[PDB]
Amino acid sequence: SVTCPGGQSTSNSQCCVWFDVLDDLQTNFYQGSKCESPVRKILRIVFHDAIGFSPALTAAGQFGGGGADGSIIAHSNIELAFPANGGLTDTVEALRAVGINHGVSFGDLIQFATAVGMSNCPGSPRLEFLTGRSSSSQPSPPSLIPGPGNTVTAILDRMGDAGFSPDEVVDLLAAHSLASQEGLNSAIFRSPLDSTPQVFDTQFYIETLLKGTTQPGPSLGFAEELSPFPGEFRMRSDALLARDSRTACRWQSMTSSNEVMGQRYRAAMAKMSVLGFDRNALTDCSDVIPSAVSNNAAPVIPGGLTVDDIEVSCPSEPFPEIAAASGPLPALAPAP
């Protein structure tokens, strides 16, 4: 172990510069360690940066992308042009300054900002953090980011190419437990994906499984589906993945335990963080990441709706027992 200049203890000397980054991010980028939009935007950024990786393209004789190389920042002029990266400009520019001021690679910074950002949201597990990703990168090839307009097969094949199994795709989606949409239906700006956009819990999995009965906005978006109550938005891909026979059972098992959800998401994230890199060549600085406040609330079926309102899509396995909250039907306020 080593004692950094600031007095912080750590396992490797290269972890020291990250305590300075931490203080910078928590005070400015996260405006006081808050769990709001900046956290949600960073989670989109980490996924979009990392997923630009394709062994299949490489085999075909084309550049497949360098994975979690920070290319979304270094080559933002190109990547921010992709329609899948809309609404990320201001966040990318803010992160660029931090990386330059502290002399850290953008690949590492994105991964670090993700771990730190989630510690600001109750219920979040403590994500692993590795440092050492090269600072140089090439822009990601286009069309590598799965979208809400893609079929389930198209999403599984894209993710599978990158190295993810169908169940790991479900595990990664736990991030939609801290989510809203701004560009799918601008009429209802920041309508949340689950009833607790500031709590990393299983509500996302439970609520997407409820029968869709409500149109939250004036019209139904291009990639929107009816949701369970006013104010909540339901993305087409999320609704389909929860019901598809290839992903249904895993989705169903993610409803009953915040504990289990957290572990799987953390393992899946660790895998995504090294796409395009060799983990053995990186240094572990996970001890710099703070713990998030605990979430003691139990999972519930909200609004007086019961388990009978769930569209069980994996009947071959028992549907777990989940608490039920009395009515009335809630009306969600936009995510902060």
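In case it trips you up, residue 1 is the first one in the sequence shown, and so on.
Look at the mean CA B-factor for 192-200 and for 93-101 in the entry; the higher one is 93-101. As recorded in the PDB entry, 324-332 is the stretch of 308-316 and 324-332 with the greater mean C-alpha temperature factor. Of the candidates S291, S273, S37, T58, the PDB record gives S291 the highest C-alpha temperature factor. For the set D244, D171, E128, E232, the PDB entry puts the maximum C-alpha B factor at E128.
Annotation for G32: CA B-factor lies in the highest third of the chain's modelled residues.
Among the modelled residues of its chain, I110 has a C-alpha B-factor that falls in the middle third according to the deposited record. Sort the chain's modelled residues by C-alpha temperature factor and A281 lands in the highest third, per the entry. In the PDB entry, a CA B factor belonging to the lowest third of its chain's modelled residues is recorded for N85. In this PDB entry, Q181 carries a Cα temperature factor that places it within the lowest third of its chain's modelled residues.
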